[PDB]
Structures are given as C-alpha cells and as structure tokens.
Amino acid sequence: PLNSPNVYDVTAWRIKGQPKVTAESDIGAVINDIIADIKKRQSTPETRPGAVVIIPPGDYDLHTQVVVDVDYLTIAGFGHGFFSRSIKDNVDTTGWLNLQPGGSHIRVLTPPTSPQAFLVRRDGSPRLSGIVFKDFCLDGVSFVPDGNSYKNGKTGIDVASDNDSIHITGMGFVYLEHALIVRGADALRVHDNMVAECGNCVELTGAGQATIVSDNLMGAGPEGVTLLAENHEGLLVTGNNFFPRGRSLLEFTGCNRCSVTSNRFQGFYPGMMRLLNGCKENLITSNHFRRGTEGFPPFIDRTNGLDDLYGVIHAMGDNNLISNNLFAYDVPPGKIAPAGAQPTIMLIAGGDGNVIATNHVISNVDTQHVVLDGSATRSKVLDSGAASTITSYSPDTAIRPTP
C-alpha cells in the first residue's frame, strides 16, 4: 500500500496457515496476526516505532479479542458509521434503506471468556504509550435479551494497564455494554467521538492525570455511566454534548482539582452529575443542564431508581465551585418522586467550603435551587435564587439571595 512494512491494510493481510480467515470473517484474528508481524520485525526497545492498521469501509465480524500490547499502534478507519439501533429496534422498519451501522464497521462478536473487542494491556514496563484509535465503528450488534436492556457483556476498547498519551478520536460506538474503558490514564485525549446507545460510554477507572475529554457526543443506558472518572487529578471535561439515558451523565468518585466547563447536559433522571466520595477543589462552570422526562415510548417507564431530592448535581466533597450554570428543569408533577416533593437542583450532600455562585434555575414546579445537608460546613450560596429557593440544613451556610 505504502513502501513501509509498518502500514497494514486489514483487507490485504493473509494469515499464513489460515487462508480462509478474512477481515470480513474475523478481523480480530487478522489484526492479532498483523500485531505478531509487528513484534517479529520490531524486536528491540530502540526499534519499536509501531504501525498503522487501516480498516477500509465495510462490514467486519470480530470473533477473536485483539490484544494490543505494542506502543504507537494506530487502528484507523475512514468513518464512525453511527446508526441508531435503538430506533430501528423499536419502530416498524418496512421500506428502510439501511438496518445497521456502517463506515469502518466492526461487529463485536466476542465470547464471554474474552468479551472486550480490543484489550489494550501490557504486563511489564514502561506504560503503553501513544496508541491511537480513530475513525472506525465498534458495534455490539444486539442487547440481551432484547434491544432495550443495554446489557450484552461486550466492551469496545478496554485499556487495562497504565498508559500514556493515548488518543481516541473520530470513533463511533453503538450497542456495547461498555464502549471505552481506560484504567490508569495519563495524558489521555478522548476527543470528537460519537459514543451512544451503549450501556456505559467512557469509564476512566483506577486513577488518572492530565486527561482531556472534549467535543464528544455521548448517550448511555439507565444502569450505566456516560462519563465516569475514578481518582482523576486535573481531568478537563469541555465542549461535550451529553444526552440521555445514562444513570448519570458525569460521575466523579474521589476526583480532585478537575474542571467540567462549557458542556451541554440533557438527562431524564435525577443525579445527572455526581461528585462522590470526597471530590475536592473541582470547577463545575459554564455548563447547560436540562432535566426533562423520557419522550421515547419504549423507555417511558424506565428509571435510574433515584428520586428528585437526589439533585441534578449531587456533590460530596470540599471547596468545589459550582458557578455560572443554567439549569432548565421540566418534569410533569405526576413523574416527580416522591409525590408533591420540591425537586433539588444542587444538593451539597456533605463537605466543607463548597461555593455555589451565579446559577440561573428554571423549573415548571416549586424547586429548591440549592439544598445543603446538615453535614455541610462553611458553604457559600451567591446569586443562585431567592432566599425561599435555598435550603441549608447546615446552620453555618452564608446565603446571598438573587436581588
């Protein structure tokens, strides 16, 4: 294709001894054989620049899990190929000109014994570095036992060992229980992807540093996360459009000194944003939050099991700045839990020194813009509603009502 042995076309690669295996029959087997060829040629720590695996547009079955254990592997297609399998699965499709996702289309047909399509893992040293996934489609094909479960035990990309400077861009993920998992992410960029109709979209697990999640379209399922970060420092979440129907849109546990700025959040359940287990010194600013109710009939009675006192934002931690956000709450009074409750927009569930400043709230019913738990200390609430919209169970909250 190019005059370099480090450029692979999955549609041109023949597996020695298995002449019937094609990218169409098992792209997993073809890419593992390509990686074996890389490891054969690149055999010292000063001769391992990696390679690019090109996936032309087409339909490819993946039966065999790909183990990515080399630095600077690029897996690159020519399109994210996103298609709403959720709408297809729930309407009359008579006369429809297309019935599945496309582009550089990998159908994830992994067994339960190796359920991640791409397992990015190296035992040993150093951190896996500079791996790129871009411009292709990972499709779990079906949920179990029906299209509305958001369950199938399949993962698109699982990075399971400490990693540096990974770049996930221009991807499409659809109908995976877990689209993308990255554990121990250092200097990760999840940028300009379509991650929708997955049980869970992006899970940043274990710990992380200096990460950017930007310019993504994401929608998850009601038992799953849209974006989750665990023990991240300096994660920046910006320019994302998060839409239903994750249990949450943004969930941090033990994340400190992170920034969630300039995003759009639309959810159908309480607890769209959760800062859990002592999140400290986070900036939650310049975001648009819309709490609505489900319009799509197959999900109308589906819930994340939380009531409207949980908060649109539910925060437990110290010295977070929740500022300069707009909250638009519109839930029919008969869909509010418990019956006759004032919904909570921002709940300070616990912690010291949290500051809520310049937030504009619109609701169709009487709401508490801010509730602060009895355990909250040295809280500040400025210009985020009339006195009558701010509930401090804590005796020491300083409150400036909107004039």
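Don't overthink the numbering: it's just position in the shown sequence, from 1.
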| property | result |
| --- | --- |
| Mean Cα B-factor comparison, 298 to 306 or 152 to 160, giving the higher one as deposited | 298 to 306 |
| Top residue by Cα temperature factor, when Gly234, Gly219, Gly170, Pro333 are compared in the entry | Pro333 |
| Record-listed C-alpha B factor of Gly77: chain third | lowest |
| Position of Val30 among the chain's modelled residues by C-alpha B-factor, lowest, middle or highest third | middle |
| Third of the chain, ranked by Cα B-factor, where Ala339 sits | highest |
| Third of the chain, ranked by Cα B-factor, where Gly353 sits | middle |
| Cα B factor band for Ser142 (lowest, middle or highest third within the chain) | highest |
